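Visitor: Would you mind keeping the following structure in view while I ask a few things?
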Amino acid sequence: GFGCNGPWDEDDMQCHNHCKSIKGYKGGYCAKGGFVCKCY
């Protein structure tokens, strides 16, 4: 989710921007075949 909707729509930028607005995080990427937004 959060932009990471699998191979038909793997929107790393959307996930990154979700994550970046969470206190303590700086970015994010799609993981697990495109289906999971992982924040870091």
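Letters A, B, ... go to the chains of the structure tokens in the order shown; residues in each chain start at 1; ligands are counted from 1 in the same order.
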Which neighbours of residue 15 of chain A fall inside 9 Å, counting only C-alpha atoms, when residues of the same chain fewer than 5 positions from it are skipped, and could you give them as a list in words?
Guide: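 My list of contacting residues is residues 1, 2, 3, 4, 20, 27, 28, 29, 30, 36, 37, 38 and 39 of chain A.
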Visitor: Identify, on the basis of only C-alpha atoms, every residue whose closest approach to residue 34 of chain A does not exceed 7 Å; exclude the query and any residue fewer than 3 positions from it along the same chain; express the result as a PyMOL selection string.
Guide: chain A and resi 4-7+10+30-31
Visitor: Write out, as a short mmCIF file (atom, residue, chain, number, x, y, z; two decimals), in the first residue's frame, the residues just selected, with N, CA and C atoms.
Guide:
```cif
data_model
loop_
_atom_site.label_atom_id
_atom_site.label_comp_id
_atom_site.auth_asym_id
_atom_site.auth_seq_id
_atom_site.Cartn_x
_atom_site.Cartn_y
_atom_site.Cartn_z
N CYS A 4 2.57 1.54 -3.13
CA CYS A 4 3.16 0.26 -3.48
C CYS A 4 2.03 -0.73 -3.66
N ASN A 5 1.52 -0.81 -4.91
CA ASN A 5 0.35 -1.62 -5.23
C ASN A 5 0.71 -2.82 -6.09
N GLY A 6 1.97 -3.21 -6.10
CA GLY A 6 2.47 -4.35 -6.84
C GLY A 6 2.95 -3.88 -8.19
N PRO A 7 3.20 -4.85 -9.09
CA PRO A 7 3.77 -4.60 -10.42
C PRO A 7 2.95 -3.69 -11.33
N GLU A 10 3.84 0.39 -8.93
CA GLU A 10 4.84 0.39 -7.88
C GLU A 10 5.38 1.82 -7.80
N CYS A 30 9.29 0.77 -2.12
CA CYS A 30 8.43 -0.39 -2.23
C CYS A 30 9.27 -1.68 -2.16
N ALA A 31 8.78 -2.56 -1.33
CA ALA A 31 9.43 -3.82 -1.00
C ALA A 31 8.45 -4.97 -1.28
#
```
Visitor: For the structure I just gave you, how does DSSP split chain A - specifically, which residues are helix (DSSP H, G or I)? Reply as a PyMOL selection string.
Guide: chain A and resi 12-20
Visitor: Please return, as a ChimeraX atom specification, all residues of chain A that DSSP assigns to strand (DSSP E) on the basis of the backbone.
Guide: /A:28-31,36-39
Visitor: Could you check how far atom CA of residue 40 of chain A sits from atom CA of residue 19 of chain A, in Å to one decimal?
Guide: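 Distance reported for this atom pair: 7.5 Å.
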